[PDB]
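Colleague: Next one to model:
(chains A and B)
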Number of protein chains: 2
Amino acid sequence: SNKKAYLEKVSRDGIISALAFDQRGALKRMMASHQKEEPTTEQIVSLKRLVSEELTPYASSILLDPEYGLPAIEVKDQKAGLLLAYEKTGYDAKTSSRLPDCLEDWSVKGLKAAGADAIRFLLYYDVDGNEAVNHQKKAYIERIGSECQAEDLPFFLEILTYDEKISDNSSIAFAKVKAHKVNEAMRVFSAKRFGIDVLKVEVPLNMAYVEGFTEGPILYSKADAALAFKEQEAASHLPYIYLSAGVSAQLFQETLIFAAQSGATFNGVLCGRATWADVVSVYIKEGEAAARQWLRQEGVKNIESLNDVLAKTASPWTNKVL
Amino acid sequence: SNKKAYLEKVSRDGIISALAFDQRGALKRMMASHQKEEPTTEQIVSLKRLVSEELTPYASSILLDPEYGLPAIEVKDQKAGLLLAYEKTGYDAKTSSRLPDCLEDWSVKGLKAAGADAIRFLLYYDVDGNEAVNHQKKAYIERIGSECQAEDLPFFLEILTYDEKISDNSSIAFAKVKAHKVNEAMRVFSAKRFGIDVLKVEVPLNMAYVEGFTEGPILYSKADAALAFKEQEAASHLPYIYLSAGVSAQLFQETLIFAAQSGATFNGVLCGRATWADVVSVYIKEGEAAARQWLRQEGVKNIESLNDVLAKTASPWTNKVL
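Modeller: Residues are numbered from 1 along each chain as shown, chains lettered A, B, ... in the order given. Have a look at this structure:
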């Protein structure tokens, strides 16, 4: 009922131009690289509060995590929608099952009360894997989907693909099956039983092996690459958006341009490190005030450039909901 | 909202006179005591099929578990409703948190598809316990309450009380605080936030310590016992029913009579071991046919006696549902 009202609060002109900063494990790895000590709860909380304060005026919404991001919510722009992450971070590298789990302290009710306009759950999925594992996963998504129809909140399912016998996603071996993995997963979770409103997905290819985007060996010509984007768009009726996957800002913007040229009708992005990655080093080495002025200068032009590109490549989701 | 339609499907004349055989761990312990080998899946399934076959004509519904009870479903009486258990059996006895967990292969959607008219979740709760633990538990119940409001199925919450510093629920020390534990838990989960339709609860006392009912030490006069039942009735606006807690058939019936005399407005029972406990020994030691005739004689007389008692002591839930 009010799913479109909430969806409108995280969009702008029917396009989701959202800033992602839910990173937890990844954030303390970035921080640890620039200092001798372990990253403190203070540091994580303060940085998130800082990024929220300074960049949310230029985003339609922000994605945050309940673990460190609750103080960030109150300093956020009044025009920005709010997405909250629901899942526990990471996965056990000693098995290939990578089962999903919700934060112990939370429910969609609780997340809604904290100010969420939409819920994000991150799922690792292998369409070709053990289907006892996949049975349990689908059952879990069913549970959360039901929660979101009861609480009347849009459900963002983020799908990160992998292969149970390939450890390295950046490998050539994985790049040869990624399109299949991504597209078929979208096709699976388009089923109404899961109650998903928006899919958050990666681009169907490894752009580092696409003609023109690499300066070395290629797996795909530009024609075959466009086919992958076409197959991805035919794979679902649901609105979908792209994650940046930690690429450079420039690579990301060119990928969106290529995708639009290929026929992809993506409905926005949830972009993180490609926008703000460099602020981490500045914050840790030169302090909070310096970090603030980096965000007021190079941060704003990162996100403005992204918005500039999005304005010419992204398609409104209004066309995909009657 | 067909929640009341479903609730009617498990009732008879606004009274829930239901047969419970969801027991799993408890069942194999009962079976193990009577034979050298550990009880195998065939035996459990066959016994569930047998009890379901013979006793469901005298009950308004049956509670079963998805692990072993699905074959029992096709053989249950067709004027009898179906409840399915959602939670994993047992708890880790080496910690006091006793955290709740759903069966991984299932969702409320799936239980509905399997034929459920209602969903049962069993929760261990200590109102005086660690309240980080209790926060997590309440969050979990919120989730399932939401699931059930989406699938439009009645939510039965069974609450078993315990004390984090008392291992034995049948001890005198626990009997001294049991009324408080049960009644306050009922108040807690009466909140609209949890979405519960019917409470499955214990009697607020240990009857083996009540004046008139015991052959040993007395903890409660009959006046204090009646006060506990009155306090239980004021603790919730919701319909509630009693589990038998494995007492003898005659004691359970005497407890129900006392309860009604005290002013309790319980709306039926979900009775298991007090009805059919003795059949386990018969089934294991003298075979299936012998078990069949126990159920046809002493089993039928147990459950018919119970129905007789219920018709003069239990109150219709229609009075609590506007």
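Colleague: hey, let's count contacts and neighbours off CA atoms from now on
Modeller: Noted.
Colleague: Go ahead and report the secondary structure state at the closest residue to residue A:123 other than its chain neighbours.
Modeller: Take residue A:123 and drop its neighbours on the chain: the residue closest to it by C-alpha to C-alpha, 6 or more residues apart in numbering or on different chains is residue A:159, 5.2 Å away. Recorded secondary structure, residue A:159: strand (DSSP: H, G, I helix; E, B strand; the rest coil).
Colleague: Tell me the buried residues in whichever helix or strand residue A:46 is part of?
Modeller: Under the criterion of DSSP states H and E, residue A:46 resides in helix A:41-55. The neighbour-count check on helix A:41-55 (16 or more other C-alpha atoms under 10 Å in any protein chain shown) flags A:43-55 as buried.
Colleague: Equivalent analysis for stretch A:25-43, please.
Modeller: Quick answer for stretch A:25-43 (16+ other C-alpha under 10 Å): A:27-28, A:30-31, A:39, A:43.
Colleague: Show residues contacting the helix or strand hosting residue A:281.
Modeller: Here residue A:281 sits within helix A:279-286, counting by DSSP H and E. Here helix A:279-286 makes contact (C-alpha atoms under 8 Å, 6 or more residues apart in numbering or on different chains) with A:30-31, A:34-35, A:47, A:290-291, A:294-295, A:299.
Colleague: In PDB, list the C-alpha atoms belonging to that helix.
Modeller: Extracted C-alpha coordinates of helix A:279-286, given in PDB (Å, rounded to 0.1, in the frame of the first residue of the first chain):
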ATOM      1  CA  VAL A 279      38.300  10.100   3.000                       C
ATOM      2  CA  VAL A 280      39.300   7.200   5.200                       C
ATOM      3  CA  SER A 281      43.100   7.900   4.900                       C
ATOM      4  CA  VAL A 282      42.400  11.600   5.300                       C
ATOM      5  CA  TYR A 283      40.300  11.100   8.500                       C
ATOM      6  CA  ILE A 284      42.900   8.800  10.100                       C
ATOM      7  CA  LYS A 285      46.100  10.600   9.200                       C
ATOM      8  CA  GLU A 286      45.000  14.200   9.200                       C
END
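Colleague: Tell me how far it lies from the chain's centre.
Modeller: 24 Å (C-alpha atoms, centre = their mean, to the nearest Å).
Colleague: got it, and stretch A:295-303?
Modeller: Using C-alpha atoms, centre = their mean, the offset of stretch A:295-303 from its chain centre is 20 Å.
Colleague: same question, stretch A:122-142
Modeller: 19 Å.
Colleague: Could you pull out the buried residues of it?
Modeller: Buried-residue list, stretch A:122-142, by 16+ other C-alpha under 10 Å: A:122-127, A:133-134, A:136-142.
Colleague: For the stretch 51-200 of chain A, which residues are neighbours of chain B?
Modeller: A:104-110, A:135-136, A:139-140, A:142-144, A:146-147, A:149-151 (C-alpha under 8 Å from any C-alpha of the partner chain).
Colleague: out of the buried residues of stretch A:25-43, what pair is the most spread apart?
Modeller: Using C-alpha to C-alpha, the buried residues of stretch A:25-43 reach their maximum pairwise distance at A:30 and A:43, which is 12.2 Å.
Colleague: What about residue A:298, how many residues nearby?
Modeller: When counting by other C-alpha atoms under 10 Å in any protein chain shown, one arrives at 15 neighbours for residue A:298.
Colleague: circling back: so which of the residues of the stretch 51-200 of chain A next to chain B are in helices?
Modeller: Of these, the ones assigned to helices by DSSP state H are A:108-110, A:135-136, A:139-140, A:142-144, A:146-147, A:149-150.
Colleague: Can you name the two of the residues you listed that sit furthest apart?
Modeller: A:110 and A:135 (27.0 Å).
Colleague: and the end-to-end length of stretch A:243-254?
Modeller: Taking C-alpha to C-alpha, to the nearest Å, stretch A:243-254 runs 14 Å from one end to the other.
Colleague: which one among the buried residues of helix A:41-55 gets closest to chain B?
Modeller: Taking C-alpha to the nearest C-alpha as the measure, residue A:45 is the one of the buried residues of helix A:41-55 closest to chain B, at 21.6 Å.
Colleague: any idea how far the residue in the stretch 151-300 of chain A positioned nearest to chain B lies from residue A:108?
Modeller: Residue of the stretch 151-300 of chain A nearest chain B, by C-alpha to the nearest C-alpha: residue A:151 (7.2 Å). From residue A:151 over to residue A:108 the distance is 7 Å, taken as C-alpha to C-alpha.
Colleague: how about the strands in the stretch 151-300 of chain A?
Modeller: A:155-161, A:198-201, A:240-243, A:268-271 (DSSP state E, counting those that start in this stretch).
Colleague: Quick check: can you name the pairing partners of the first one and their directions?
Modeller: Applying DSSP bridges, strand A:155-161 is found paired with strand A:118-125 (parallel), strand A:198-201 (parallel).
Colleague: how much distance is there from the shortest one to the middle of the chain?
Modeller: Going back to what we said before, that points to strand A:198-201. Worked out by C-alpha atoms, centre = their mean, strand A:198-201 lies 8 Å from the chain centre.
Colleague: same check, this time on the first one
Modeller: From the chain centre to the centre of strand A:118-125 is a distance of 9 Å (C-alpha atoms, centre = their mean).
Colleague: just to revisit the earlier point, what residues sit buried inside the helix holding residue A:281?
Modeller: A:279-284.
Colleague: could you give the angle of it to helix A:41-55?
Modeller: Interaxial angle, helix A:279-286 versus helix A:41-55 (axes from the mean of the first three to the mean of the last three C-alpha atoms, to 10 degrees): 120 degrees.
Colleague: circling back: is it possible to get the ones in helices among the residues of the stretch 51-200 of chain A next to chain B out as CSV so that each row also shows distance to residue B:182?
Modeller: Shown next, in CSV, are those (distance: C-alpha to C-alpha, whole Å):
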residue, distance to residue B:182
A:108, 27
A:109, 25
A:110, 25
A:135, 37
A:136, 34
A:139, 32
A:140, 31
A:142, 32
A:143, 29
A:144, 30
A:146, 30
A:147, 28
A:149, 32
A:150, 29
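Colleague: picking up where we left off before, I'd like the buried residues of stretch A:25-43 as TSV, with secondary structure and distance to residue B:62 appended.
Modeller: Output for the buried residues of stretch A:25-43, formatted as TSV (DSSP: H, G, I helix; E, B strand; the rest coil; distance: C-alpha to C-alpha, whole Å):
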residue	secondary structure	distance to residue B:62
A:27	helix	52
A:28	helix	52
A:30	helix	56
A:31	helix	57
A:39	coil	55
A:43	helix	55
